[PDB]
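Chains as they are written, first to last, in the entry's author numbering: chain O, 283 to 376; chain T, 91 to 353; chain U, 193 to 256. Quick notes on the structure that follows.
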């Protein structure tokens with residue numbers, strides 16, 4: 283939910299959604315990377331969780347909608363940047 | 091020239107020889123503008139003959155610019171100041187030298203610092219030779235004032251001197267102090283971490299400590315009975331840092347394509 | 193080749209985009225495999241961009 287072009291979530295929420303002893307938290311957190319629910323790293327000198335990958339949301343109409351808008355934003359970036367670079371080095375092309 | 095008295099001869103004498111009468115001046119201000127047709131005829135058509143003439147013509151015009159400070163007519167001073175620029179050096183030699191050339195230059199140079207036309211102070215200076223004959227007692231206050239300011243000294247940027255004529259000189263001293271202090275205050279904002287109440291006079295170049303506190307609400311310097319202005323100011327200055335992808339010396343994408351193109 | 197890639201990249205993004213709108217309303221059949229793989233592109237999000245520069249050529253021309 284919170285990452286999708288952001289990537290951090292705080293470490294702190296996990297323990298608030300665990301509610302169990304502190305030593306047991308490290309195990310849970312690490313167990314999640316391992317099974318294939320998530321990929322990423324945990325940084326405990328900032329006490330935040332960085333995720334490289336967050337697992338895709340199992341079939342819904344909603345999952346399709348989230349993707350479309352972000353991708354459209356990106357579509358606009360390619361076209362603009364492509365034309366820009368083409369003007370200069372007009373001579374090199376030939 | 092000398093020609094048509096009561097706005098030639100009389101104008102000179104009221105500042106100098108006689109005692110200033112502002113009432114008499116006010117009406118001569120309108121009259122003086124008419125006379126400029128004959129006066130500025132001597133500069134910008136100069137010749138060897140006109141060398142005696144130029145001096146006489148200058149006296150009415152320059153005293154009349156000095157009087158404009160005294161009337162509190164800043165636009166009328168600017169119009170006349172401008173014509174006088176041509177007289178600073180004109181021809182091969184016309185003799186710029188006058189007895190009130192020295193009085194005129196003192197007020198001119200001061201006006202330039204007050205405004206914070208520091209550039210104009212330098213640019214007019216190189217043009218001025220004809221002020222060496224005048225000597226520096228009235229001149230000595232703006233040249234020195236500028237130098238000390240440049241240096242960073244806050245105890246040599248005196249306004250003690252420069253009131254030796256003082257018929258229109260006091261006006262520049264009052265404003266100069268105020269403009270310069272503000273600039274000194276910007277300096278201090280970056281310069282120094284905390285000011286209590288008793289070292290503030292000198293450092294700010296402000297008049298009182300009371301005043302340092304007053305501006306401490308205005309520029310949000312205050313934090314306790316002493317200021318903490320330095321922290322925020324000091325930290326901003328680094329800009330030597332470079333964030334991933336050069337955009338400091340143009341964006342990386344455009345720059346990288348340009349290197350290819352030059353070939 | 194580089195400008196050919198860039199145009200080729202723009203054409204690629206549009207096929208996928210147009211298709212998601214159609215799923216969103218006015219239903220087309222979908223697969224679990226395609227939908228997941230697309231999500232992944234957002235999640236992978238690059239890190240930081242650095243390095244690479246030249247200037248070598250001017251000496252060659254100058255000596256010539």
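Backbone N, C-alpha and C fix where the C-beta goes; we use that ideal spot for every residue, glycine too.
Cα-Cα separation between residue i and residue j, rounded to whole angstroms
i, j, result
"residue 243/T", "residue 268/T", "16 Å"
"residue 358/T", "residue 296/T", "The requested residue 358/T does not occur in the structure, where chain T is confined to residues 91 to 353."
"residue 202/U", "residue 350/O", "15 Å"
"residue 117/T", "residue 170/T", "16 Å"
"residue 227/U", "residue 346/O", "7 Å"
"residue 331/O", "residue 239/U", "16 Å"
"residue 222/T", "residue 216/T", "12 Å"
"residue 107/T", "residue 94/T", "19 Å"
"residue 380/O", "residue 220/U", "Lying outside 283 to 376, the shown extent of chain O, residue 380/O is not represented and no answer is given."
"residue 300/T", "residue 244/U", "57 Å"
"residue 129/T", "residue 137/T", "15 Å"
"residue 238/T", "residue 124/T", "42 Å"
"residue 198/U", "residue 363/O", "9 Å"
"residue 305/T", "residue 311/T", "8 Å"
"residue 255/T", "residue 339/T", "54 Å"
"residue 279/T", "residue 323/T", "7 Å"
"residue 254/U", "residue 233/T", "51 Å"
"residue 263/T", "residue 246/T", "14 Å"
"residue 122/T", "residue 105/T", "15 Å"
"residue 370/O", "residue 235/T", "53 Å"
"residue 132/T", "residue 144/T", "5 Å"
"residue 252/T", "residue 341/T", "53 Å"
"residue 167/T", "residue 174/T", "10 Å"
"residue 353/O", "residue 302/T", "56 Å"
"residue 315/O", "residue 322/O", "7 Å"
"residue 337/T", "residue 343/T", "9 Å"
"residue 273/T", "residue 257/T", "27 Å"
"residue 321/T", "residue 298/T", "24 Å"
"residue 300/O", "residue 307/O", "8 Å"
Option in the options with minimal Cα separation from residue i
i, options, result
"residue 285/O", "320/O, 367/O and 361/O", "320/O"
"residue 142/T", "96/T, 91/T, 170/T and 278/T", "91/T"
"residue 200/U", "361/O, 375/O, 371/O and 305/O", "361/O"
"residue 340/O", "206/U, 217/U and 224/U", "224/U"
"residue 333/T", "252/U, 254/U, 241/U and 255/U", "241/U"
"residue 212/U", "322/O, 336/O, 348/O and 315/O", "348/O"
"residue 172/T", "183/T, 202/T, 98/T and 303/T", "202/T"
"residue 204/T", "185/T, 266/T, 179/T and 326/T", "266/T"
"residue 184/T", "147/T, 200/T and 166/T", "147/T"
"residue 325/T", "144/T, 281/T and 175/T", "281/T"
"residue 200/T", "166/T, 111/T, 249/T and 350/T", "249/T"
"residue 182/T", "135/T, 166/T, 291/T and 174/T", "135/T"
"residue 112/T", "98/T, 157/T, 178/T and 344/T", "157/T"
Cutoff 8 Å: residue i Cβ touching any chain U Cβ
i, result
"residue 284/O", "no"
"residue 328/T", "no"
"residue 313/O", "no"
"residue 319/O", "no"
"residue 352/O", "yes"
"residue 336/O", "yes"
"residue 331/T", "no"
"residue 334/T", "yes"
"residue 247/T", "no"
Residue-chain proximity (residue i, chain O), Cβ-Cβ < 8 Å
i, result
"residue 255/U", "no"
"residue 193/U", "no"
"residue 347/T", "yes"
"residue 220/U", "no"
"residue 350/T", "yes"
"residue 252/U", "no"
"residue 278/T", "no"
"residue 285/T", "no"
"residue 343/T", "yes"
Residue i at chain T interface by Cβ criterion, 8 Å
i, result
"residue 246/U", "yes"
"residue 360/O", "no"
Neighbour list for residue i in chain A, Cβ cutoff strictly below 8 Å
i, result
"residue 299/T", "The displayed structure is made up of protein chains O, T and U, and chain A is not among them."
Counting Cβ pairs, one atom from each stretch, are 3 or more of them under 8 Å apart for the segment 316-331 of chain O and the segment 292-299 of chain O? yes
Sufficient close CB pairs (3 or more, under 8 Å) joining the segment 247-256 of chain U to the segment 350-362 of chain O: no
Under 7 Å, CB to CB, which of the residues in the segment 205-217 of chain U have a partner in chain T? Per Cβ criterion, the list is empty.
Can we say the segment 138-156 of chain T touches the segment 185-193 of chain T, given the rule of at least three CB pairs closer than 8 Å? Taking 8 Å as the limit for Cβ pairs, the verdict is that the segment 185-193 of chain T does touch the segment 138-156 of chain T.
contact_flag[the segment 157-170 of chain T, the segment 207-216 of chain T] where n(CB pairs < 8 Å) is 3 or more: no
Inspect the CB distances between the segment 193-205 of chain T and the segment 226-246 of chain T and report whether three or more fall short of 8 Å. yes
Within the chosen definition, does the segment 276-287 of chain T reach the segment 312-321 of chain T through at least 3 CB pairs nearer than 8 Å? Yes, the segment 276-287 of chain T touches the segment 312-321 of chain T.
Short-range partners of chain O found in the segment 224-245 of chain U, where Cβ spacing is below 9 Å: Contact annotation: in the segment 224-245 of chain U, residues whose CB is within less than 9 Å of a CB in chain O are 224, 227, 228, 229, 230, 231, 232, 233, 234, 235, 236 and 237.
Listed from N- to C-terminal order along the chain, which residues in the segment 207-218 of chain T have their beta-carbon within a distance smaller than 7 Å of any beta-carbon of chain O? none
Residues of the segment 284-298 of chain O in Cβ contact with chain U at a cutoff of 8 Å, in chain order, please. 285, 286, 287 and 289
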